[PDB]
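Heads up, the thing below is written out as C-alpha cells.
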Amino acid sequence: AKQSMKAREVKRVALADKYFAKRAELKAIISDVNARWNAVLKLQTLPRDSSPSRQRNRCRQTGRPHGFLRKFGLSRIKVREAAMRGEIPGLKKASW
Amino acid sequence: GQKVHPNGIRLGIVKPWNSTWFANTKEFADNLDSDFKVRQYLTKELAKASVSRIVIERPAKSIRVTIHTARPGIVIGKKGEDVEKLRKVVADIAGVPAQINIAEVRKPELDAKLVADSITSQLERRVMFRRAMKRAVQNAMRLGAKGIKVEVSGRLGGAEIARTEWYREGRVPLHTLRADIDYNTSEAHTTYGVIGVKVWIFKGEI
Amino acid sequence: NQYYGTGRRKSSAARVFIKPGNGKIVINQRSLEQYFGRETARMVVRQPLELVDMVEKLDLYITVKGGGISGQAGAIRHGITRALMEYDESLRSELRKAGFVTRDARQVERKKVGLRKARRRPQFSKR
Amino acid sequence: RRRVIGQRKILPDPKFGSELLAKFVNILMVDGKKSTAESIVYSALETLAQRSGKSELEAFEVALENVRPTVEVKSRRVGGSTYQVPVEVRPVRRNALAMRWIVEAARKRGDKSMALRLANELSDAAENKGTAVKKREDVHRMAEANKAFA
Amino acid sequence: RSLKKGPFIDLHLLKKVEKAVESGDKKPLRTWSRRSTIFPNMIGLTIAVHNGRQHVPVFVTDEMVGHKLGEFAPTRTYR
Amino acid sequence: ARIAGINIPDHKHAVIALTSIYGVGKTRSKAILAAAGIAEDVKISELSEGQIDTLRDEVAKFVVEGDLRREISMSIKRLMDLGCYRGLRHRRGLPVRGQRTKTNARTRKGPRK
Amino acid sequence: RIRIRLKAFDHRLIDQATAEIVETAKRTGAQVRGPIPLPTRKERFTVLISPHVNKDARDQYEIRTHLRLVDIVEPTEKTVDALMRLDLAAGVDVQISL
RNA sequence: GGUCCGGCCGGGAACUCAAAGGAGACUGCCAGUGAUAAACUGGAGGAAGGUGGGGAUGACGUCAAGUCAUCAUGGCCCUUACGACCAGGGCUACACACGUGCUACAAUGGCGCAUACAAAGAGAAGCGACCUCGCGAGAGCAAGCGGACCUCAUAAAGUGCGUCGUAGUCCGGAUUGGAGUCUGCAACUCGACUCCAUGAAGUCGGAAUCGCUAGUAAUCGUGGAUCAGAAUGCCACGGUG
RNA sequence: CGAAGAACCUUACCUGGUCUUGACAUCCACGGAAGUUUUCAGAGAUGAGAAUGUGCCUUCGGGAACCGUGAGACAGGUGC
C-alpha cells in the first residue's frame with residue numbers, strides 16, 4: 001500500500017479513539033447486548049465509517065493489508081529484510 | 001536470488017542480534033515498530049560519522065544508543081553536548097529515555113560496513129567504478145583480513161546496462177558455520193540509479 | 001526397590017518397573033485388552049519377548065503414557081529388552097538379533113514448503 | 001542405484017503364524033487399516049478350514065502355491081527382442097503377484113462382505129478355476145507360445 | 001441468506017417517513033439507503049433505492065420488506 | 001395406512017421407511033417414533049396397531065406433501081413478481097448462494113456441453 | 001510461592017543471564033530453587049520469500065523462547081540482590097514479581 | 001504412605017517428560033578383496049554405521065524470467081488533476097473453457113450406542129470451563145488463566161456391539177425453501193455456521209497424464225497464523241500405516 | 001500465485017456527491033490553549049452554527065504542541 005493509502009488508515013485509527021475510548025463502552029455495551037429498536041440504530045450508527053470493525057490495521061512501517069502479522073507488528077518483506085541484518089531478536093532459519 | 005545472501009543465520013549462531021530486547025507476545029509489535037522507526041532517524045543523524053553499525057538494547061524502561069564508528073572524532077563532537085541532543089530525538093519516537101554508549105576502533109579496513117559507505121561516497125562523486133571497490137579491498141588486505149570479497153552492482157561509467165563489480169582476493173567461504181563473516185549493505189543514490197553495495201570480510205575463523 | 005528398562009517408541013515413552021516374579025500381565029492397573037483399543041498389534045508384541053521368555057521370570061507392570069496405540073505396544077518392546085539385559089547379557093544379544101533393543105529408526109517426518117502432506121509434492125498437468 | 005535393495009522386516013500372523021499369511025494382510029491393506037483387515041483373515045480361514053483338508057495354513061499356502069506364476073514378462077532391447085520375454089521370478093515375488101490378483105477378484109464380487117467374497121475365491125484356488133488363476137494362463141500362454149529368448 | 005434478528009430500519013428512511021406522514025407519493029424517493037426494511041406507513045410508495053449507478057423506483061409491497069430493499073434492484077445486468 | 005402420498009415402503013426399518021414420506025426425513029422419522037413411544041428395531045413391515053394412528057397424526061403436524069410443495073412454489077413466484085434477486089435468478093436458473101458460475105454451477109446451468 | 005520469569009530467545013544468553021543472579025540466590029532461603037527450565041513457548045513463522053508470485057518457496061524462520069524460573073522460594077531479607085540489583089538485561093524478561 | 005482412589009495430599013527425585021551441558025561414529029576396529037592406494041563387501045560392539053534421519057545449506061552462471069504494486073529509485077508524463085475524500089457498486093459476473101484442491105460413488109462400509117489411545121501450537125478489544133437455558137449451532141451466568149498451571153480439548157479414524165443388506169440405496173450430499181445463530185451500524189450483489197425439510201449428480205471414470213522408494217505413500221483427524229467475522233487454501237503436529 | 005480469510009471500508013476500478021499548497025510533508029506568517037458535547041441540512045462526504053474548556057513558558061510580541069486560514073517553493077501519483 002502506497003504512502004497515501006497508509007495515511008488514510010492512520011487518520012482512521014486516530015478517529016477510532018473519538019468513536020472508541022469513552023465512546024467505546026458507549027458504542028458497544030450501553031447500546032447492544034439487549035437494552036433496542038429505532039432508537040439503538042441511529043445512535044450506534046454515529047458516523048458509520050469509524051469503529052474497530054472498520055480498522056483495516058496494516059503495518060505501521062510500510063502498510064499493505066496482505067501479508068500481515070498483527071501479533072508481532074511485522075509483515076511479508078519486513079521479516080526477511082529486517083531479520084537478516086538482525087533487526088528482530090530471536091529469529092533464525094527454521095529447524096524446529 | 002543467488003544464495004540466500006546469508007548473514008542472519010550467522011547472527012543466529014554466533015553474536016547476538018543487532019536489536020536485542022524483550023517483550024510479551026502481543027506487546028512485541030509496539031516495541032518492534034518504535035525501534036525500526038528510531039533506528040532510521042538515528043542512522044540519518046548518525047551519517048556524520050562512518051557507521052560501523054548502530055545496535056540497540058532495550059530493557060523496556062530505557063533504550064541504549066550504542067553506535068560504534070570509525071569517526072568517533074565526530075560522535076563526541078565537543079564533549080557530551082553532541083550526543084545529548086541526539087538522545088532527545090530517541091526519546092520522541094521510542095518514548096523512554098536513552099543513554100550514550102562507547103564507540104571503539106579497529107580500523108575502517110576491518111568490519112564490512114566501513115568499507116561500504118566509503119566506496120559509495122566515491123561513486124556518488126562519480127569516480128573510480130572498477131578501481132573504486134578495488135582500492136578499498138587492497139586497503140582491507142593491507143592490514144588484517146583473511147580475505148575480503150566485495151560485490152557491488154554494475155553500471156560502470158554510470159552506464160545503463162549493468163555488468164557487476166566483483167573483485168575478491170584471499171578467501172571468503174560463504175557456507176562456513178564456524179564463520180567470522182561480517183556483512184553490511186549500502187546503496188548509492190547516483191544520478192542514474194541505485195548501486196547496491198555488498199562487503200563480505202572473513203576476518204577470522206570464529 | 002525395583003529394576004527399570006526404558007521404552008522410547010515413536011512418540012510414546014514408557015516407565016517400566018519390574019517386580020521379579022511371574023503371574024501378572026498388567027499394564028496401567030489394566031491389562032492388554034483393557035488398556036489397548038483392541039488393536040491387532042498388541043497380541044503380536046507378546047511373541048518377540050517369549051524368545052528369552054517372560055511371565056516366568058518377571059512380572060509385567062508398565063506405566064506408559066503419551067503417543068500412539070500401536071506406538072505404545074511398541075514401547076513395551078523397548079522397555080522389556082531393556083529390562084532383560086539387567087540380569088544377564090545373554091538376554092540382550094538375542095534382543096538385538098530380535099531388533100527390539102534398537103530404538104525405532106523411523107520417526108514422523110516434517111512437512112516442508114510446497115508439500116501438501118509429509119512428502120507429497122502436488123500433482124500437476126501443465127506439460 | 002548404488003548397492004542393491006535391503007529387506008524389510010514384516011511380522012507373521014500372531015494366532016497361527018505364517019509370514020506368508022501376514023503378507024496377505026499387506027496385500028489387503030487399503031486405507032492403511034490393519035485393524036479392520038485382521039477380521040477378514042480369520043473370516044475366510046474358517047470357510048476354508050471346514051471345506052478343505054490339509055492344515056489351516058495349507059488351506060491358503062499350498063492352494064495358492066499352484067496358481068502363482070513362475071514367469072513374469074517385461075521387455076528390453078538386449079537379446080535382440082522387441083518382445084515380451086519370460087522371467088523366472090524369485091519365489092517370494094511368485095506369491096505377491098497371485099495374492100494381488102486374488103484380491104482384485106473379490107472386489108469384482110458383490111457376494112456381500114470382503115469376508116465371503118475373497119473366501120469362496122480362495123476355496124476355488126485348490127479347485128483351479130476363478131479369474132484369479134486365469135491370469136497365469138495368459139502370461140505363460142503368451143511366453144511359451146511366442147517364446148523369444150529367455 | 002440472513003438478516004439475523006437485527007434488520008437495519010435505517011435512518012435515511014427515518015427522515016423520509018417524517019416527510020411522508022403528511023404526504024403520500026409526491027416524488028420517487030431519492031434514497032441511497034439499501035439496507036432498509038420499511039414500516040408499513042412507507043409501504044405503498046415508490047422508494048427509489050440507489051443501485052450503485054442511478055436510482056430505480058420500486059413499487060414496494062409487503063414481501064419486499066421481508067428482506068432488504070437493495071435486493072429488488074439489480075446491481076449488474078447480464079445478457 | 002399408506003396415508004398421504006401413495007406407498008409406504010417395507011422390508012426395512014421403521015425409521016428408514018418413514019424417511020420416505022415426502023417431507024419426512026432422517027431426524028423427523030425417529031422423532032415420530034419417539035412420540036408414538038415405539039421402536040425402530042421392528043420394521044414398518046410389522047405396522048403396529050398403535051403406530052397406525054400416529055402415522056397420520058404426526059405427519060399432520062408437519063408441513064408435508066402437497067401443502068408444503070404448494071407454499072414453497074407459491075413463493076418462487078412471490079419474489080419473482082417484486083423484482084427480487086432470488087426472483088429473476090430462478091428464471092435464468094442461477095443460484096442465490098454466491099456460488100462459482102465462472103467455473104461450476106452445473107446443477108443450475110445443467111452439465112458441461 | 002515466587003515466580004520470577006526469565007524468558008529469552010536463545011539459550012546461549014538466557015544462561016549467561018541465569019548465571020549473573022543465581023550466585024547470591026545460594027545463600028538465599030533454605031528451599032530456594034535452581035532454574036526450572038519449562039517447555040518452550042515457541043514461535044516460528046513462514047513468510048513469503050519474494051515480492052511477487054509463487055508460494056512453494058517461503059522463507060522459514062524459528063524462534064524458541066524457553067522459560068527458566070530460578071526462584072528464591074521461601075523469602076529472606078537477602079532477596080533484594082537477585083531481584084533488582086544484579087539483573088536488568090535487555091533480552092530477558094526481567095521479572096520483579098513475587 | 002494418605003486416600004473423599006483423582007498426581008487430588010504430603011512425600012519422594014527414581015522414571016518419563018521437558019531442555020541446557022555432555023557421551024558418541026571417525027570407514028575407528030575384525031576378516032576377505034584391492035596396488036600391502038583409497039576404497040569396496042561382509043562382521044562386531046553399540047541407539048545408530050560407511051552422505052545415520054530430517055532441516056537450514058540454492059556454486060560460478062542462464063532465462064533483457066518475474067516483481068516501479070512492500071519499499072527504494074533514473075527518466076518521462078499528470079498538477080481548480082490518471083491527484084484527493086466519501087457513499088454505493090464492481091473484486092465472489094456469465095452463455096462457456098482450462099488448472100490446483102475437496103467429497104462421494106460404498107459394506108476393506110455407512111449410520112446408532114458406548115468405548116480406546118495423542119502430538120504440537122494459541123491466548124487480557126482473548127480463549128472462554130462451570131451452572132442455567134437452548135433439539136442445535138450456541139446464548140445467558142461467569143470461574144480461571146496473559147498461561148508445562150487455566151481455557152481452546154472432547155483427538156478422530158480405530159474397537160467391542162446394534163443395525164442396514166449391494167438397492168442409487170439405510171449410500172451420497174449438491175440444490176433450494178423455510179427456520180435460526182454469530183461478528184458487526186448494517187451480511188443486497190459478495191459472509192460463514194447450525195436446524196429441519198428438500199433431497200442432486202454419481203453405481204469408480206475414454207484418449208492421456210502426474211504423484212509417491214518409508215514413518216513415505218495412503219487415509220484419519222488435531223493445532224496455528226491472516227482472522228471483528230468466512231478455510232475443502234496455506235502452514236504445522238501426531239494416529240494408524 | 002501475489003493475497004497470511006476481499007461483506008462496508010478493503011480498493012487500486014467504476015458511477016455519483018465533493019475538494020484544490022491540498023488527504024498525506026517540511027518550511028514562513030497570522031488568528032485561536034488544545035479541546036468538549038450537541039443542533040440543523042445532506043445519502044454521507046461535509047458545511048455552517050449553538051453552548052462549554054482556557055494548558056505549557058514568555059521578554060508579553062513571540063513561541064512549544066495543536067487546529068483552521070493565507071501565501072507560495074512545493075506536496076501527491078498503486079501514473080508509464
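Chain labels run A, B, ... following the order of the C-alpha cells; each chain numbers its residues from 1, and ligands are numbered from 1 in the order shown.
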Test item, helix (DSSP H, G or I) assignment across chain E, answer as number ranges by chain: E: 11-17, 62-64, 70-72
Surrounding residues of residue 64 (chain F) excluding itself and chain neighbours under 3 positions, 10 Å, only C-alpha atoms (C1' of nucleotides), as number ranges by chain: F: 4-5, 21-24, 59-61, 67-70; H: 197
For those residues, write N, CA and C atoms (P, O5', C5', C4', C3', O3' and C1' of nucleotides) to a file as a PDB file, in the first residue's frame.
```
ATOM      1  N   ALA F   4     -51.297 -40.061   3.430  1.00  0.00           N
ATOM      2  CA  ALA F   4     -50.923 -39.030   2.461  1.00  0.00           C
ATOM      3  C   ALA F   4     -49.702 -39.212   1.645  1.00  0.00           C
ATOM      4  N   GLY F   5     -49.837 -39.204   0.309  1.00  0.00           N
ATOM      5  CA  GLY F   5     -48.805 -39.696  -0.596  1.00  0.00           C
ATOM      6  C   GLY F   5     -48.782 -41.181  -0.720  1.00  0.00           C
ATOM      7  N   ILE F  21     -41.361 -40.306   3.109  1.00  0.00           N
ATOM      8  CA  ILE F  21     -42.697 -39.983   3.410  1.00  0.00           C
ATOM      9  C   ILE F  21     -42.683 -38.468   3.098  1.00  0.00           C
ATOM     10  N   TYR F  22     -42.198 -38.094   1.848  1.00  0.00           N
ATOM     11  CA  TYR F  22     -42.143 -36.872   1.054  1.00  0.00           C
ATOM     12  C   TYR F  22     -42.275 -35.660   1.912  1.00  0.00           C
ATOM     13  N   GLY F  23     -41.208 -35.370   2.748  1.00  0.00           N
ATOM     14  CA  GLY F  23     -41.171 -34.238   3.723  1.00  0.00           C
ATOM     15  C   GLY F  23     -40.860 -34.670   5.060  1.00  0.00           C
ATOM     16  N   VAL F  24     -40.782 -35.974   5.277  1.00  0.00           N
ATOM     17  CA  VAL F  24     -40.192 -36.525   6.488  1.00  0.00           C
ATOM     18  C   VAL F  24     -38.845 -37.076   6.126  1.00  0.00           C
ATOM     19  N   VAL F  59     -47.668 -36.713  10.947  1.00  0.00           N
ATOM     20  CA  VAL F  59     -47.381 -36.096   9.610  1.00  0.00           C
ATOM     21  C   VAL F  59     -48.367 -34.992   9.281  1.00  0.00           C
ATOM     22  N   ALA F  60     -49.517 -35.029   9.966  1.00  0.00           N
ATOM     23  CA  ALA F  60     -50.459 -33.932  10.085  1.00  0.00           C
ATOM     24  C   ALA F  60     -50.070 -32.659  10.920  1.00  0.00           C
ATOM     25  N   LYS F  61     -48.877 -32.726  11.598  1.00  0.00           N
ATOM     26  CA  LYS F  61     -48.466 -31.658  12.430  1.00  0.00           C
ATOM     27  C   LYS F  61     -47.387 -30.915  11.696  1.00  0.00           C
ATOM     28  N   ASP F  67     -49.164 -29.653   0.565  1.00  0.00           N
ATOM     29  CA  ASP F  67     -49.273 -28.492   1.351  1.00  0.00           C
ATOM     30  C   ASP F  67     -48.016 -27.725   1.343  1.00  0.00           C
ATOM     31  N   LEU F  68     -46.889 -28.383   1.651  1.00  0.00           N
ATOM     32  CA  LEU F  68     -45.600 -27.803   1.580  1.00  0.00           C
ATOM     33  C   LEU F  68     -45.195 -27.453   0.159  1.00  0.00           C
ATOM     34  N   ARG F  69     -45.210 -28.441  -0.776  1.00  0.00           N
ATOM     35  CA  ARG F  69     -44.887 -28.332  -2.164  1.00  0.00           C
ATOM     36  C   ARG F  69     -45.683 -27.228  -2.850  1.00  0.00           C
ATOM     37  N   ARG F  70     -46.853 -26.774  -2.197  1.00  0.00           N
ATOM     38  CA  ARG F  70     -47.611 -25.669  -2.663  1.00  0.00           C
ATOM     39  C   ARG F  70     -46.873 -24.390  -2.251  1.00  0.00           C
TER      40      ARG F  70
ATOM     41  P     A H 197     -35.137 -33.854   9.036  1.00  0.00           P
ATOM     42  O5'   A H 197     -35.780 -33.175   7.746  1.00  0.00           O
ATOM     43  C5'   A H 197     -37.193 -33.214   7.701  1.00  0.00           C
ATOM     44  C4'   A H 197     -37.693 -32.381   6.494  1.00  0.00           C
ATOM     45  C3'   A H 197     -37.196 -32.562   5.052  1.00  0.00           C
ATOM     46  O3'   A H 197     -37.855 -33.644   4.420  1.00  0.00           O
ATOM     47  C1'   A H 197     -37.010 -30.332   5.367  1.00  0.00           C
TER      48        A H 197
END
```
Distance query residue 20 (chain C) at most 7 Å, only C-alpha atoms (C1' of nucleotides), self and fewer than 2 positions along chain excluded, as a ChimeraX atom specification: /C:18,22,57-59
Any chance you could export the current selection's N, CA, C and O atoms as a compact mmCIF listing (two decimals), in the first residue's frame?
```txt
# COMPACT_ATOMS: atom_id res chain seq x y z
N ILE C 18 10.00 -53.47 37.00
CA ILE C 18 9.98 -54.89 37.23
C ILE C 18 9.98 -55.16 38.74
O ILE C 18 10.89 -54.75 39.40
N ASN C 22 6.40 -63.87 38.56
CA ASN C 22 5.70 -64.29 37.46
C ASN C 22 4.25 -64.13 37.81
O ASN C 22 3.98 -64.11 38.99
N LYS C 57 9.72 -65.21 34.66
CA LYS C 57 11.00 -64.77 35.14
C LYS C 57 10.77 -63.35 35.69
O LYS C 57 11.62 -62.81 36.37
N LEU C 58 9.62 -62.69 35.40
CA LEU C 58 9.39 -61.33 35.64
C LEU C 58 7.95 -61.07 35.68
O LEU C 58 7.10 -61.75 35.02
N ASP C 59 7.52 -60.03 36.42
CA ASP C 59 6.14 -59.58 36.44
C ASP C 59 6.23 -58.36 35.60
O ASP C 59 7.18 -57.57 35.63
```
Interface rows for chain F against chain E: nearest pair, Å to one decimal, 8 Å, only C-alpha atoms, as JSON lines:
```
{"residue": "F:78", "atom": "CA", "partner": "E:63", "partner_atom": "CA", "distance": 7.7}
{"residue": "F:79", "atom": "CA", "partner": "E:63", "partner_atom": "CA", "distance": 7.3}
{"residue": "F:82", "atom": "CA", "partner": "E:72", "partner_atom": "CA", "distance": 6.8}
{"residue": "F:83", "atom": "CA", "partner": "E:72", "partner_atom": "CA", "distance": 5.0}
{"residue": "F:84", "atom": "CA", "partner": "E:72", "partner_atom": "CA", "distance": 4.1}
{"residue": "F:85", "atom": "CA", "partner": "E:71", "partner_atom": "CA", "distance": 5.4}
{"residue": "F:97", "atom": "CA", "partner": "E:1", "partner_atom": "CA", "distance": 7.7}
```
Contacts of region 61-73 of chain G within 8 Å, only C-alpha atoms (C1' of nucleotides), excl. fewer than 3 positions in-chain, as number ranges by chain: A: 90-96; G: 1-11, 18, 22, 25, 28-29, 31-46, 79
Same residues, C-alpha atoms, saved as a PDB file, in the first residue's frame:
```
ATOM      1  CA  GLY A  90      15.265 -14.267  18.251  1.00  0.00           C
ATOM      2  CA  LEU A  91      14.825 -15.098  14.548  1.00  0.00           C
ATOM      3  CA  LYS A  92      16.957 -17.673  12.666  1.00  0.00           C
ATOM      4  CA  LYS A  93      16.360 -20.070   9.893  1.00  0.00           C
ATOM      5  CA  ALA A  94      13.846 -22.615  10.778  1.00  0.00           C
ATOM      6  CA  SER A  95      14.643 -26.077  12.138  1.00  0.00           C
ATOM      7  CA  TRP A  96      12.111 -26.967  14.685  1.00  0.00           C
TER       8      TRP A  96
ATOM      9  CA  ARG G   1       5.158 -19.171  46.028  1.00  0.00           C
ATOM     10  CA  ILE G   2       7.509 -16.980  43.853  1.00  0.00           C
ATOM     11  CA  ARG G   3       7.624 -16.926  40.062  1.00  0.00           C
ATOM     12  CA  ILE G   4      10.472 -14.752  38.610  1.00  0.00           C
ATOM     13  CA  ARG G   5      10.091 -15.234  34.857  1.00  0.00           C
ATOM     14  CA  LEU G   6      13.431 -15.371  32.939  1.00  0.00           C
ATOM     15  CA  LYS G   7      12.227 -15.580  29.289  1.00  0.00           C
ATOM     16  CA  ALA G   8      14.680 -15.022  26.385  1.00  0.00           C
ATOM     17  CA  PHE G   9      15.104 -16.493  22.896  1.00  0.00           C
ATOM     18  CA  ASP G  10      18.320 -18.487  22.704  1.00  0.00           C
ATOM     19  CA  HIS G  11      19.755 -20.380  25.411  1.00  0.00           C
ATOM     20  CA  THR G  18      20.854 -17.002  34.833  1.00  0.00           C
ATOM     21  CA  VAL G  22      21.946 -17.303  40.645  1.00  0.00           C
ATOM     22  CA  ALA G  25      20.483 -16.956  45.469  1.00  0.00           C
ATOM     23  CA  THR G  28      19.077 -17.142  49.941  1.00  0.00           C
ATOM     24  CA  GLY G  29      16.448 -19.216  51.709  1.00  0.00           C
ATOM     25  CA  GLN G  31      14.050 -24.026  49.974  1.00  0.00           C
ATOM     26  CA  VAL G  32      15.236 -21.909  47.091  1.00  0.00           C
ATOM     27  CA  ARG G  33      15.226 -23.490  43.599  1.00  0.00           C
ATOM     28  CA  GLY G  34      17.596 -23.982  40.647  1.00  0.00           C
ATOM     29  CA  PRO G  35      16.481 -22.751  37.243  1.00  0.00           C
ATOM     30  CA  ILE G  36      13.303 -24.639  36.288  1.00  0.00           C
ATOM     31  CA  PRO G  37      13.596 -24.644  32.509  1.00  0.00           C
ATOM     32  CA  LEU G  38       9.920 -25.243  31.444  1.00  0.00           C
ATOM     33  CA  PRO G  39       8.966 -26.465  27.822  1.00  0.00           C
ATOM     34  CA  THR G  40       9.314 -23.925  25.096  1.00  0.00           C
ATOM     35  CA  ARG G  41       6.655 -21.307  24.362  1.00  0.00           C
ATOM     36  CA  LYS G  42       7.728 -21.411  20.856  1.00  0.00           C
ATOM     37  CA  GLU G  43       7.026 -19.414  17.912  1.00  0.00           C
ATOM     38  CA  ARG G  44       8.106 -19.874  14.360  1.00  0.00           C
ATOM     39  CA  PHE G  45       6.966 -18.395  11.204  1.00  0.00           C
ATOM     40  CA  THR G  46       6.860 -18.789   7.459  1.00  0.00           C
ATOM     41  CA  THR G  79      16.196 -11.399  48.199  1.00  0.00           C
TER      42      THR G  79
END
```
